[PDB]
Amino acid sequence: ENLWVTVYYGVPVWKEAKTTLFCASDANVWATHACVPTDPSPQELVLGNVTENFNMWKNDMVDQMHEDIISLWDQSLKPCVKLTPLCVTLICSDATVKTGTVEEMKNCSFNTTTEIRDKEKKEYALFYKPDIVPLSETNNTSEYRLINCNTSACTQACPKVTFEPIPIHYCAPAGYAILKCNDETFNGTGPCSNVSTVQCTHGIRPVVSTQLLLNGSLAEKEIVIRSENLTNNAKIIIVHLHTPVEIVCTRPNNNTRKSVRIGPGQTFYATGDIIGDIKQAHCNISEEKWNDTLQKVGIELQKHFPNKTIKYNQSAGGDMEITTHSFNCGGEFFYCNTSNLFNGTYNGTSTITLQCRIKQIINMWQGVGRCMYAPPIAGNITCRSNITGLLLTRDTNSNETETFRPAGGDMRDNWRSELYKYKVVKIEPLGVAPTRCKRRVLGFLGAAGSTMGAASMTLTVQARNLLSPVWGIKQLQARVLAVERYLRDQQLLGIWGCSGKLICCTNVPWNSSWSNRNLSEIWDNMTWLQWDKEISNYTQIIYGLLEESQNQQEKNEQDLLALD
Amino acid sequence: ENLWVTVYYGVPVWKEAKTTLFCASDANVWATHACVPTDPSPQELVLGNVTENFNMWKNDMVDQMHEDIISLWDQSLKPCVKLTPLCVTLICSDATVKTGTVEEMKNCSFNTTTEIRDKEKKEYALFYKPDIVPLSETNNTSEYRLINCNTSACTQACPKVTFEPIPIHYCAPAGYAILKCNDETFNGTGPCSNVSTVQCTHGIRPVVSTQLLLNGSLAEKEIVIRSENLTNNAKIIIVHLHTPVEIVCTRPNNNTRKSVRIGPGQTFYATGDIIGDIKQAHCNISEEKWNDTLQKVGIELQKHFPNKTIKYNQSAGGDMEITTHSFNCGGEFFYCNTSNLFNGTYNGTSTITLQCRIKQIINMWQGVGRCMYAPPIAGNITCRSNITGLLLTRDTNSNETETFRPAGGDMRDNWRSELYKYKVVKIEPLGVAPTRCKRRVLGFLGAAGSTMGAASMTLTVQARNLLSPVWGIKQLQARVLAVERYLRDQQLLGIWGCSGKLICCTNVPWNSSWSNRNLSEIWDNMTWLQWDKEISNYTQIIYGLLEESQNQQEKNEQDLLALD
Amino acid sequence: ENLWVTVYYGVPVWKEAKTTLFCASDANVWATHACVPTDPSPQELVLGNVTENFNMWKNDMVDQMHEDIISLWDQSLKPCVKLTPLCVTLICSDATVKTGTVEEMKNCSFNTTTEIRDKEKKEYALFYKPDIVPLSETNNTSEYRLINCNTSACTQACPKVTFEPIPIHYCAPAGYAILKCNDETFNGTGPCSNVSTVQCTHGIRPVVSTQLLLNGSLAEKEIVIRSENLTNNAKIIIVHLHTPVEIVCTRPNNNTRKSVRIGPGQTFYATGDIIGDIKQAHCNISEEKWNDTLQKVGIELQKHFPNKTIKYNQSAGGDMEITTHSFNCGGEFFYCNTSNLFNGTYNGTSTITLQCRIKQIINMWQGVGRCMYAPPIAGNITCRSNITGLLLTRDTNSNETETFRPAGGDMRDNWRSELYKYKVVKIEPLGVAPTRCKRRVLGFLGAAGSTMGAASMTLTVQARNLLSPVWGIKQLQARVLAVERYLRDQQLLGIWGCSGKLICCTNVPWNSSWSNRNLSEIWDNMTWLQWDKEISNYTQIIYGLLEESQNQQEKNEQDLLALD
Ligand SMILES: *[C@@H]1O[C@H](CO)[C@@H](O[C@@H]2O[C@H](CO)[C@@H](O)[C@H](O)[C@H]2NC(C)=O)[C@H](O)[C@H]1NC(C)=O
Ligand SMILES: *[C@@H]1O[C@H](CO)[C@@H](O[C@@H]2O[C@H](CO)[C@@H](O)[C@H](O)[C@H]2NC(C)=O)[C@H](O)[C@H]1NC(C)=O
Ligand SMILES: *[C@@H]1O[C@H](CO)[C@@H](O[C@@H]2O[C@H](CO)[C@@H](O)[C@H](O)[C@H]2NC(C)=O)[C@H](O)[C@H]1NC(C)=O
Ligand SMILES: *[C@@H]1O[C@H](CO)[C@@H](O[C@@H]2O[C@H](CO)[C@@H](O)[C@H](O)[C@H]2NC(C)=O)[C@H](O)[C@H]1NC(C)=O
Ligand SMILES: *[C@@H]1O[C@H](CO)[C@@H](O[C@@H]2O[C@H](CO)[C@@H](O)[C@H](O)[C@H]2NC(C)=O)[C@H](O)[C@H]1NC(C)=O
Ligand SMILES: *[C@@H]1O[C@H](CO)[C@@H](O[C@@H]2O[C@H](CO)[C@@H](O)[C@H](O)[C@H]2NC(C)=O)[C@H](O)[C@H]1NC(C)=O
Ligand SMILES: *[C@@H]1O[C@H](CO)[C@@H](O[C@@H]2O[C@H](CO)[C@@H](O)[C@H](O)[C@H]2NC(C)=O)[C@H](O)[C@H]1NC(C)=O
Ligand SMILES: *[C@@H]1O[C@H](CO)[C@@H](O[C@@H]2O[C@H](CO)[C@@H](O)[C@H](O)[C@H]2NC(C)=O)[C@H](O)[C@H]1NC(C)=O
Ligand SMILES: *[C@@H]1O[C@H](CO)[C@@H](O)[C@H](O)[C@H]1NC(C)=O
Ligand SMILES: *[C@@H]1O[C@H](CO)[C@@H](O)[C@H](O)[C@H]1NC(C)=O
Ligand SMILES: *[C@@H]1O[C@H](CO)[C@@H](O)[C@H](O)[C@H]1NC(C)=O
Ligand SMILES: *[C@@H]1O[C@H](CO)[C@@H](O)[C@H](O)[C@H]1NC(C)=O
Ligand SMILES: *[C@@H]1O[C@H](CO)[C@@H](O)[C@H](O)[C@H]1NC(C)=O
Ligand SMILES: *[C@@H]1O[C@H](CO)[C@@H](O)[C@H](O)[C@H]1NC(C)=O
Ligand SMILES: *[C@@H]1O[C@H](CO)[C@@H](O)[C@H](O)[C@H]1NC(C)=O
Ligand SMILES: *[C@@H]1O[C@H](CO)[C@@H](O)[C@H](O)[C@H]1NC(C)=O
Ligand SMILES: *[C@@H]1O[C@H](CO)[C@@H](O)[C@H](O)[C@H]1NC(C)=O
């Protein structure tokens, strides 16, 4: 009996939101403009009893990271040489070392501009066949063109830059938090238990590949299979492996590099000669460990189609960029044929080798970015990588069999695989509750699942952490919004007569039309975000009573001071 | 007797200022780069008894909007193709369809670059005569040049962009307001009554035209005639109409469009062939409604030159861009001859047709911006528009007659015609007043014309609204200044011992050397901005007394606490 | 006995820091983009008894100013014409007027592009010999090239821009200050007395020269000799003069200027013809005033090598940019030979003339910036300048003699010479001290060397001044950090129960484990920054006691209000 409303600040309570996360680096493109070096030391905290719903296929971190990478790794071409003076009538013949012919390359000859513009030099380069296009149908002829020269002018990548994926961390600006699921076999969506808060993510490697996920974070106890709706054939399946399989890939033949003058100051790097022995670019996977993996995926894949047998087949065919395994290695771009790898059947109970083609002229993502020329790297090249996961699609011609095929290249699905466990939220530090009072007239959100009385002992902790080119403007935009939110909070607390105090008591009587729970049933038996959810719809009524009450009270005081 | 100073916060009082307004859009160039989509719902409030002076010919909104439009609609050319490879020796002959010769166009032939640089293609386009210049005086010859190729390299407008005027709203940042005159026949300057405040303007269409104002907001009850000083012949007269007259304009002949290759990726759009019948580009106005309008302007124009007769004549002659009616329609640029329209006399008590020329190479405003090539639009084109107003100038050769002529093209005068009714002001929420107290030891400005005691009941309303490329930077710079102003306010209230409270009372005695009015004569019979105007010169004395008093008081308290 | 901790705000105390100072201008490149016009009126204040250590060879103002100048005066080339169409096979012969041959210049002829691209014009210019390079070794021949056309494409400086050094002021953002040494013969490093604070520096002229410092601020009473370590031969010596010597320099021959068409809109300015008489570019210094200066430097230079004789010799030889006196005059760039000037010996007790070469193609600083073409200025040119100081280096071949030579061109050393007297600091307005109290339950830093009790009478002064492309972003970044620092201060004062008050008293008892000094020995006999230095290591203990105490106190009050 005789309840009145009280206002609290620094309540551990939150709402679902979207806002620009800042890029954080340990200790090249990322750590030289978009990402601040900031050595984010691990600072996780477990939340005792909270439950949240998480959803991989709506997490705005993936679409933020896609825009961040696309923008950054288009902007990193801006200082470098345009190959516009190289769109020249290109005359070509078969490439040959004294040791043999190379079928993957042509030998081409052209005219180039010097820093003395009025003279032109006859010059030659070897080019990989998939970047050269024939210039007329009229006769079988030696005359060719660079493939980009009907669509875009390409930029060479400056040889100081390197594409090796550095680990990237994402972090919350002040007044926001990241929540993380620890639960085994989370299935990418639905109700989760054992949540933690972390001020930043673990390292996400910005690795780009089309059918096999290379160097990703491993699965924790058993194979996890994820998609929006397994019944719908139009949705990608992400498969996340527990025990790795290791892929070794190489260009086995030694290429020499030459520099061509191409006007004032600018220079073009191209393949000059091949040193000795010749063999095609290739990769190996250990056949038994692949078989075991393909089987162990199989028995988890069966549980969603229980009575049907399952079998694996080639990708959809056509253009290399979808029907093949793409990746970057040493700075060269490899495309490999996977027909040997995805070939088998399952119902119960040596090395395989892949062969590849190399390209230099590449369209980085889905026609959104500039055409890049990848400059050649000298000598032999090798990469070691871990296959962490598979991207699959499911085809009826049959009732007893399901048929699965490699697919990918909506680049978001690679970054979704590292970000399945994460959610972004906004802290809302104000709240109101009933109490028996009259006015006289351990970490960022740490308590959040607890009894409301316990959280009232730690209010200061959620109070302090409220305050602290695109890459510049978004930091200033984030910081100013964080300041403006804090000032609105303190201004309401001024207008209600609390005037900078964390727990505050007021003459507005509680109304049973809002809630009827006992004082102990509120204070001992409920957790703050549940109380907030219940009072939510009435909340905008309460603030009007507080403002008029303070205005009445100040007029009564201002009157009395003339007679006191 | 026994008055002391009191400090108030959220007083409805203001000063005249300039500060960059933010561009707002309903729901192409404006709403996709400079202007935020923000669907500004109408939120006007009338002010009861305030009077202000307004002045059209010094309103810094017009010069802000001019810079905003010039900057934006120069920046919208930045991504598009440069026609530098088109400055070529251009060889030309008369244009002819089997149906006849076209006198407005030449047929020109030239050499163009392909994405294969080492070959050149012979190619042709039709060009409108006013964009082509003859290349030597030596003989009457077929050799010509594009007009821009001695001054600037032109950029084509990208065909995704469209020039149709979307309505633009201007809004006040926090701590500022817009005031509006409702008064009929305001005459553009002087003392106004019935003012309103509005958080944003109505829609201003950014329409560009040189002699007749198209699609502007109409006059409310009778024809309004505006200028700085009607006696001075050197000043433009704006005339604002009550009942519209409707203009229909067309290109009646069907033009086919062709795309020319112009190096890698880039393409040029030009007129290829004309389909059939040929007739000159023309406009119509209904002759009786024009006559009635020209007469009804006449009887209001007489009242400033009472005894003299008035007559209308051609523009000043010379170059098309001043001596003709320019406008844009469907994306083509029309220039029309107005000699038929401004021809008549007045002393008391069918369609007219105009004929036109089309240009593609245009200098958008007074040599300030890039040269734009307007790409041709296929088929026949028509526009319907309302003539809202006239721009005039007055020529002595006579005593009985005044002679009036069309003039314009200082682009500000079109935007002045939509912004005549508006003023920008800064809220100054602090103030001091006398009271009988000792210290113990409905909308954004809504009340502003009222008795001071009444405004003291609504102080919170003026308190809350104090807080909330160039297009990015100017919003951060506006927001940070709004935060810094608020913090200075709260810091003074700290230094004076009010420490976050809206009405505050102090031991500094009022001094008759500042003012001598009775307590009721202050509090009942005056309005806040008048009291502020009166106390203005003394105000900087008062703040020194407040600061030293608080410092004395705190030392006295800090002493006593050792003995309390 | 019975001491308790008290918190103060606006304490005059500071720490050593770096933060980006803002450029300010009196009343062209500086005052039109990087530098605000703000006519910064002199506002120095002397500090009574403070001492600080200053160090010229670690002052981050010099490295900030270097980055500011390099960035600005590279960015000022961005709008102007690229000379890429001028890298042409250039055919040349000896230059001759009817009056004679000029040995410093060639006459060169070339082909240029018109705004009509398909025609080329035969055209000629005179060029200064040091900017032209011979194109093949095969024979002694008339064929040449512009020197930049193997490294960079140069930009012409737009003739509206001017390089005359305007005085630049550097100023502190809110929450920072600049401190200044007034002491005579400061020796560039170590403990200083008679310090002042000033909100901005005096005018620093951004003058660039390589061996003699022109137009710098003079020495105040006697010659000052400065370096990190005079024993180390690898360190530059700065010598700062008391009485000036005046240098007059000229190009005595009249050059006519011609404008060449170089594609659409763009134009190139070059030397056309020489009017009449011919004589080499030269400078004069008065021989007796130089001798006296070189001697008077000598007797101060002896005091660091007491028994040795001292003698002066030529610079190191090789490339002009280090081995010669560079400067800019009227917009031309002069390089002069100093062998006549630095030639003499000292042990105890007419005009000299220098001859020069002119260049147009210049690399502004150490290969960091673009290559600039300096356009020719018409007519004869003269400059008057004051030699303010010398840059020297010391070479063993001997025991009785020290040998000194001109050196420079690490551009920082010119700006170090104007900034030797300055230091940047951060105000830290919080502090804690002991007092006998229980809780009931003249300028920017002006006092800073005084007794702590006296500073407590002026706390408000240090309180108010806490609050108020790269050139835009750095001002927003600075302002937002200044706001965020202030909000953190006020938030701690909230969490400790002071809630916006300048002197505040608390129930936390003082602990002898921190300090043991008498109450008067603290309050009367010590100055705030010394007390701050002493309490420094314990300080982070104190804030934990304050936060838990306030939380205890608020819970005790919130309990009692139910029973009051
Ligand atoms: C690619 O083509 C070039 C041009 O024909 C080859 O270079 C020539 O090689 C022969 C070898 O006997 C020499 O005699 C010529 O003097 C070379 N010409 C030049 C311009 O250097 C080159 O060997 C070919 N490379 C491959 C791998 O096919
Ligand atoms: C998941 O996919 C299934 C189909 O794969 C959706 O259910 C229906 O399936 C039948 C048979 O293919 C169709 O005729 C219906 O049109 C489908 N309904 C819809 C709305 O598509 C099912 O809806 C999907 N799940 C969700 C959450 O929409
Ligand atoms: C003063 O201006 C107000 C607008 O603030 C006018 O209000 C309009 O009045 C008419 C009837 O006369 C209504 O139909 C409108 O809906 C009103 N509102 C608006 C926004 O137009 C008012 O008439 C004016 N009064 C005087 C005496 O000038
Ligand atoms: C503009 O000039 C071009 C070039 O002369 C004309 O195109 C030619 O038209 C004749 C019609 O008999 C054809 O025989 C030629 O083969 C065309 N030449 C090309 C290159 O296509 C064009 O018809 C002229 N158009 C107008 C409207 O004058
Ligand atoms: C408005 O214009 C008139 C003239 O049109 C200005 O008054 C004077 O007019 C006579 C006769 O033309 C001139 O000899 C004077 O030199 C004019 N005076 C000035 C100061 O120009 C009148 O001043 C103008 N109004 C204002 C506000 O200046
Ligand atoms: C300490 O430095 C101050 C400057 O802060 C010196 O003040 C100058 O003193 C002379 C007379 O000696 C005056 O003419 C100047 O006007 C003073 N002000 C300035 C800005 O120069 C002061 O002399 C120094 N005192 C000592 C003992 O070093
Ligand atoms: C630089 O060279 C040009 C080109 O030879 C000289 O210009 C010629 O001067 C003679 C003087 O008798 C004239 O007959 C020619 O008609 C000029 N040619 C042109 C293209 O104008 C120029 O005089 C030389 N200048 C110097 C100072 O050496
Ligand atoms: C200042 O320079 C001197 C040498 O010019 C440094 O002292 C030592 O000098 C001897 C003889 O040249 C060398 O063998 C030593 O190696 C020098 N020591 C070092 C650490 O370089 C002296 O150290 C320099 N001053 C400072 C502050 O380092
Ligand atoms: C797991 O994934 C499947 C995909 O078809 C989905 O239908 C299901 O709702 C998810 N959650 C659980 C708890 O099974
Ligand atoms: C390899 O795995 C596939 C897929 O289950 C299976 O068809 C095949 O029999 C396995 N073993 C061998 C030796 O290929
Ligand atoms: C309590 O709530 C009801 C329903 O909203 C309302 O009618 C009543 O006025 C409220 N009580 C008070 C004291 O206003
Ligand atoms: C109206 O406009 C005329 C223009 O000549 C001006 O002189 C006058 O001051 C304005 N105001 C009034 C109330 O007439
Ligand atoms: C049209 O208006 C003008 C201007 O007053 C007048 O001279 C003319 O007589 C009017 N009537 C006709 C039929 O032109
Ligand atoms: C009142 O005003 C006069 C004139 O400014 C001044 O001399 C006097 O000191 C003021 N009164 C007090 C109490 O200071
Ligand atoms: C003065 O400069 C010399 C340079 O060798 C340096 O060693 C010395 O420490 C400086 N300071 C003093 C007070 O001499
Ligand atoms: C000039 O100064 C130098 C340096 O001390 C000295 O050698 C010479 O004797 C002086 N006098 C003359 C006349 O050169
Ligand atoms: C005083 O300081 C000592 C040493 O840090 C500490 O053990 C003691 O607990 C402190 N006193 C109080 C009252 O906490």
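This entry, as listed in the PDB, derives from cryo-EM and reports a resolution of 3.73 Å.

Colleague: Explain the site of ligand 9 residue by residue, including any values.
Modeller: Residues and elements named next belong to chain A. Neighbouring ligand 9 are the residues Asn187, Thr189, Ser227, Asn229 and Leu230. The separation between an oxygen atom of ligand 9 and a polar side-chain atom of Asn187 is 2.3 Å. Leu230 is positioned such that a nitrogen or oxygen atom in its backbone is 3.0 Å from an oxygen atom of ligand 9. Computed on the free molecule, ligand 9 has an accessible area of 360 Å², of which 49% lies beneath the protein chains in the complex. Counted by class, the shell around ligand 9 contains one nonpolar, four polar and no charged residues.

Colleague: Could you give an account of the relation of the copies chain B and chain C, with specific residues and numbers?
Modeller: If you rotate chain B by 120° and push it 0.0 Å along the axis, it lands on chain C with an RMSD of 0.1 Å. Put plainly, the chains are arranged around a three-fold axis. Little of the interface of chain B is mirrored in chain C, where only 18% of its interface residues are also at the interface.

Colleague: Talk me through the packing of helix 7 (residues 470-495) of chain A against helix 8 (residues 470-495) of chain B; I want residue IDs and the actual numbers.
Modeller: Across the interface, helix 7 of chain A lies against helix 8 of chain B with an axial gap of 11 Å and an inter-helix angle of 30°. Considering their axes alone, helix 7 of chain A and helix 8 of chain B lie roughly parallel with respect to each other. Seen from above, helix 7 of chain A lies across helix 8 of chain B with left-handed handedness. Between helix 7 of chain A, through A:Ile473, A:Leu476, A:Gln477, A:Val480, A:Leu481, A:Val483, A:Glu484, A:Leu487 and A:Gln491, and helix 8 of chain B, the contact on the second element is made entirely by B:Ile473, B:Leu476, B:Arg479, B:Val480, B:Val483, B:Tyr486 and B:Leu487.

Colleague: Explain a negative patch on the surface residue by residue, including any values.
Modeller: A cluster of acidic residues, A:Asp118, A:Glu120, B:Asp118, B:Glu120, C:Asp118 and C:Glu120, forms a negative patch on the protein surface. Summarising the element assignment, B:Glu120 is placed in strand 9 (residues 120-128).

Colleague: Give me the lowdown on the pattern of salt bridges, citing residues and values where you can.
Modeller: Overall, the coordinates contain 69 salt bridges over all chains when judged by the stated rule. The residue C:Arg384 makes a salt bridge to C:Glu246 at a minimum N-O spacing of 2.8 Å. With relative accessibility at 39%, the residue C:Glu246 sits in the partly exposed group. Bridged by salt links that share partners, the residues A:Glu16, A:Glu52 and A:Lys423 form one connected network.

Colleague: So what's going on with the sheet that holds strand 14 (residues 176-181) of chain A? Residues and values would help.
Modeller: In space, the five strands of this open sheet follow the order 2-31-14-16-5 (chain A), with antiparallel pairing throughout. The open sheet has two edge strands with one neighbour each: strand 2 (14-16) and strand 5 (45-46) of chain A.

Colleague: With reference to specific residues and values, describe the interface of chain B and chain C.
Modeller: If you look at the interface, chain B gives 33 residues, while chain C gives 31 residues. Both sides together, the interface formed by chain B and chain C hides about 2,900 Å², and carbon and sulfur atoms give 59% of it. Here C:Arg479 ties to B:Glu484 by a salt bridge, and the two come within 3.3 Å at their closest N and O atoms. Linking chain B with chain C are seven residue pairs in polar contact, by the criterion used here. Listing elements by their share of the side of chain B that touches chain C, those giving two or more residues are helix 8 and helix 11 (539-560) of chain B. No other element matches helix 8 of chain B, which puts eleven residues into the side of chain B that touches chain C. Among the residues making up the side of chain B that touches chain C, the classes are represented as 15 nonpolar, eleven polar and seven charged.

Here is what the cut-offs are and how they apply
Residues numbered from 1 in each chain as written, not as in the entry; some residues may be left out. Chains lettered and ligands numbered in written order. Heavy atoms only, no water. Near = heavy atom within 4 Å. Polar contact = N/O pair within 3.5 Å; in protein donor to acceptor, adjacent residues only side chain to side chain. Areas by Shrake-Rupley, 256 points an atom, 1.4 Å probe, with all protein chains shown as cover. Nonpolar A, V, L, I, M, F, W, Y, C, P; charged D, E, K, R; others polar. Least-squares fit on C-alpha atoms. Contact = heavy atoms within 4.5 Å. Axes fitted to C-alpha atoms, helices over the stretch in contact; angles between N-to-C directions. Helix = DSSP H or I, 4+ residues; strand = E, 2+ residues; numbered from the N terminus. Parallel < 35°, antiparallel > 145°, perpendicular 65-115°, else oblique. Left-handed = near helix turned anticlockwise from the far one by under 90°. Patch = residues over 30% accessible without salt bridge, like charges linked within 9 Å, V, L, I, M, F, W, Y side chains within 5 Å. Salt bridge = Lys/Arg side-chain N within 4 Å of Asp/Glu carboxyl O. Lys, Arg positive; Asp, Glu negative; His and termini not counted. Charge placed at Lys NZ, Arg CZ, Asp CG, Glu CD. Buried < 20%, exposed > 50% of the residue type's maximum accessible area, 1.4 Å probe, protein only. Pairing = 2+ DSSP bridges. Buried area = accessible area lost by both parts, 1.4 Å probe.

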